[PDB]
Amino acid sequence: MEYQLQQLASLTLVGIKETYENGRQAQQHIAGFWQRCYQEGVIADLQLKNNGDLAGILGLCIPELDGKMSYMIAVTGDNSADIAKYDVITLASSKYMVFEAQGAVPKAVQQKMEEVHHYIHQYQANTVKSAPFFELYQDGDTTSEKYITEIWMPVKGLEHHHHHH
């Protein structure tokens, strides 16, 4: 599997986080969540705020300590008075394995997520289960077979994996 190693400083993310019981069939809920954010003008409003620290819209999967799973639609923004309407989180600095899913959204993303899932199974000491992972949707036609979604998986100590020696 191909991936790029990337590192991010700590960032401020502005958007809306919803919380789902399962994290399993949440895929249907996540679909509805995207649809609602588009319909209610939230995507458009967040786009205005995107400072380009990351060049697109994020779909973050956030683990909850009670076992629930949250999904946050967000952009990187300047920490400046958006708490009144939006959720604002700090995304703690981390290294990442960054994968590319090429094809029409969401199917290409789902298929790649499955492959990533199977792949990182061999890196249990290096992935970070408590840290958010995310989809990154940069500018483009998400219905195009050429469209690329990035999948960002946080890692620690990856250099020590015996695969790299």
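Between two forms, the rigid core is defined as the largest C-alpha subset superposing within 1.5 Å. The first residue of the shown sequence is 1; numbering continues from there.
Take 103-111 and 24-32, fit the other structures onto the shown form by the rigid core, and average the C-alpha distances in 4 other deposited structures of this protein: the farther stretch is 24-32. Larger root-mean-square CA separation from the shown form, computed after a rigid core fit of the structures in 4 other deposited structures of this protein, is seen for 84-92 when 67-75 is set against 84-92. Comparing 67-75 with 80-88, the higher mean C-alpha B-factor in the PDB entry belongs to 80-88. As listed in the deposited structure, the average C-alpha B-factor of 120-128 and of 35-43 is greater for 120-128. Of the candidates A101, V105, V98, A55, the deposited coordinates give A55 the top C-alpha B factor. Annotation for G157: CA B-factor lies in the middle third of the chain's modelled residues. Remark: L48 belongs to the lowest third of its chain, ranked by C-alpha B-factor as recorded. When all modelled residues of the chain are sorted by CA temperature factor, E18 is found within the middle third. In this PDB entry, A26 carries a Cα temperature factor that places it within the highest third of its chain's modelled residues. In the PDB entry, a CA B factor belonging to the lowest third of its chain's modelled residues is recorded for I62.
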